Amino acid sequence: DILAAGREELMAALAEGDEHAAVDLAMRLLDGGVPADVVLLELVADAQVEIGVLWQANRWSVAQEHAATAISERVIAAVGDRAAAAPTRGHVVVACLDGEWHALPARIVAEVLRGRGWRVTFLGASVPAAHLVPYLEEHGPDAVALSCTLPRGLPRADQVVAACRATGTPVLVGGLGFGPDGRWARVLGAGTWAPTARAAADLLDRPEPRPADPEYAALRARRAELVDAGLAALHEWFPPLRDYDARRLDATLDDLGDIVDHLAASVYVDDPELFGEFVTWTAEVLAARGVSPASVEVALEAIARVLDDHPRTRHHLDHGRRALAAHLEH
């Protein structure tokens, strides 16, 4: 189709950092009868996933991604400066979770909803619940749409969703943070999930008590201890650490913290496949940057030792180690 050609031309503009070409392409596609929603979901969204794949593989830098993403935002704005219908359906507030800076997925949702006649107030990146809740109380929208892209944000998602529901505002949720097929929204009972902006719009067209886990609490309270334990194990087993400068040591510490935090998220939703997928993803990220993924196994074994009398955490760690071992046999 013209969509194959459109994707190639769009990626070429994004890779070149050429905002005018990307926007002009989008406008010409609209002029030729390509639906706005198709430009946003089949062209822009698809390009952004691929940019992520390239970054993950260390084939693109952060600068290259940033250039592209900013242009994709301009494409989304240009397309919405044309496809938006007069607001006749009601009012939706679109917000990212506190600590969630992937605004572009949420912007696509906002634009698609506007195209169907919703009045949308877009709040975008990182809205604290303490500020979002009074905003919902102030304006009483028909729905709040909460976007989460990182599964590590799932504990926060659960809290923010609960707080929003307590205002009586219907909650829609989405983004990659709930998993590609919405699994972690369903596990949490977190609002109504949908996979895409199109599906969100379809939902809106219809005629329509959580005890703390001490094991999760321990992963938060003992984070520094666990990072330190991982580092000490790397000191014993992983030779490159001995020659790391400040920058590489800081990256190691950052990554160790992220390992603990994803383990915490996995335990929170009690789905070991969160930690499993995280560990295999981490292996790919590190390998692509010349860091042996065996380093991860060293850290996981060390954390498992410290927490071996925490049965749920132990199970998740075991699952992570098995997933890594399986990944590394290729």
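Residue indices: 1-based, along the sequence shown.
- According to the record, 4 to 9 deposited residues between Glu208 and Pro209 are left without atomic coordinates.
- Judged by mean Cα B factor in the deposited record, 297 to 305 ranks above the other of 47 to 55 and 297 to 305.
- The mean C-alpha temperature factor is higher for 209 to 217 when 73 to 81 and 209 to 217 are set side by side.
- Residues shown: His139, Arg156, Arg165, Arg183. Highest C-alpha temperature factor in the entry: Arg165.
- Among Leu132, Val187, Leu203, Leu176, the highest C-alpha B-factor in the deposited entry belongs to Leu203.
- Placement of the Cα temperature factor of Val38 within the chain: highest third of the modelled residues, per the deposited record.
- Compared with the other modelled residues of the chain, the Cα B-factor recorded for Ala86 ranks in the highest third.
- Among all modelled residues in this chain, the alpha-carbon of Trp193 has a temperature factor (C-alpha) in the middle third.
- For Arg107, the recorded CA B-factor ranks within the lowest third of the chain. Only modelled residues enter the ranking.
- Split the chain's modelled residues into thirds by C-alpha temperature factor. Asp31 is in the highest one.
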